[PDB]
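Residue numbers (the entry's author numbering), protein chains in the order written: chain A, 960 to 1008; chain B, 1108 to 1157; chain C, 1059 to 1107.
As structure tokens, then:
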């Protein structure tokens, strides 16, 4: 979680990826919630590796 | 010069202030380290939407 | 003959110890490089991971 600093959290890993992605790239929640395959695209890259 | 507020390059944990004094044939550092030493589980909400 | 063999043993011992000294020196350099790389690794884990 971007908001949490040096603290334990109980969130799904995909939600944690979204918080990091929002900080890394300025994409609005509507833009992030479009195809919803953004995490799947990461999985395809991980599978190729 | 300033609190690190980042990865702990200096004292373990958050480092409030660090003081440096000369050492024989070198420099000795005395950073201050904050340790929680206790954790209590609290259920929390992501604010609210209206 | 034993007297000549003892002289041959002497030079062989001198060669072996010098080769061991070079091997130990290389290991000492490797350990110093490992300490620097381990410090880099700890910083990398905290900064990126």
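By construction, the Cβ of each residue, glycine as well, lies at the ideal position given by its N, Cα and C atoms.
Under DSSP, residue 1136 (chain B) forms a beta bridge with B:1127. Contact note: residue 967 (chain A) reaches chain B through 1146 and 1148, using a C-beta cutoff of 9 Å and chain order.
For residue 1153 (chain B), the three-state secondary structure derived from DSSP is coil. Exposed is the label assigned to residue 1081 (chain C), since fewer than 16 other Cβ atoms lie within 10 Å of its Cβ. With the criterion set as a beta carbon lying under 9 Å from some beta carbon of chain C, the members of the region 1112-1136 of chain B are 1113, 1114, 1115 and 1116, in sequence order.
At least one CB atom of chain B sits nearer than 8 Å to the CB of residue 1104 (chain C). Here DSSP, grouped into helix, strand and coil, assigns residue 1141 (chain B) to strand.
Apart from the 5 residues on each side of it in sequence, residue 1074 (chain C) has no Cβ closer than 8 Å to any other Cβ in its chain. Between the region 1060-1067 of chain C and the region 961-980 of chain A there are fewer than three C-beta pairs closer than 8 Å, too few to call the two in contact.
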